[PDB]
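Read the single chain below, which is given as structure tokens and is the form deposited in one PDB entry.
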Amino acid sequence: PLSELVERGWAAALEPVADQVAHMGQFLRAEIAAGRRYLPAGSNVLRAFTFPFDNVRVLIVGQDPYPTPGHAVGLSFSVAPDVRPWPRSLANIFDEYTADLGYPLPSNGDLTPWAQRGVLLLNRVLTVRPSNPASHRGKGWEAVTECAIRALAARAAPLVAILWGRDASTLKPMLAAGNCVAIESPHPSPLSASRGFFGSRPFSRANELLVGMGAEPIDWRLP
């Protein structure tokens, strides 16, 4: 049951899609039975929902997990600490991190500290077939992650949304019910690079927006 898979707040928030989450478990088992693989590891698929729902203050949305074996870890854009070199998307994120915040380059690609601090690193689709980008689109995850985003937007708490998966016209309606939701626009993605992403100041703007809504800023600093 959801209560065993995710954090208590998320289990309640995702109750309307509990049957669909069970169906995705069936889908993944059927993939292995059919001789196909999936990433991330089963134990990491729902990892973004293992950090507390009530404490989320920034939503960073991606589209699909990394398709390269050993990259996807269940937090959008993150990689395991032993992964090197970083994927291009993450290298671009880190360049912006250094430019926006003035911090040196991180030691590795693990974004766990952001998750701990209330940054929800959510992909719209939570699995992928290795080496086959975007291969699990339309398999059932979109309803689950829509429920998640709508539940976040309905909280009385502040939220800043950062849209790094394009798809803004799909996502913005999900964030509309919100009373204390600010969406960063425009919506370059990390691979936009110098055609809008670099200089987008997503981290410092998120903090400016949070503080303007009466919330504490995120400490973005990575080790």
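Here, rigid core means the biggest group of C-alpha atoms that superpose within 1.5 Å across both forms. Residue numbers here begin at 1 and follow the sequence given. Only residues modelled in both forms are compared.
We do not show the form deposited in another entry, though everything after this point is about it.
In a core superposition between the shown form and the other one, the Cα of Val181 is the only one among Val56, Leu39, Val181, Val61 shifting by 2 Å or more.
Core-superposed comparison between the shown form and the other one: the Cα of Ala193 travels 2 Å or more.
Shown here is a form in which the CA atoms of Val211 and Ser189 lie at least 3 Å closer together than they do in the other form. Look at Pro130 and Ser189: in the other form their Cα atoms come 3 Å or more closer than in this form. Where the rigid core is used as the reference frame, a consecutive stretch of 3+ residues with C-alpha displacements of 2 Å or more between the shown form and the other one occurs only at 177-195.
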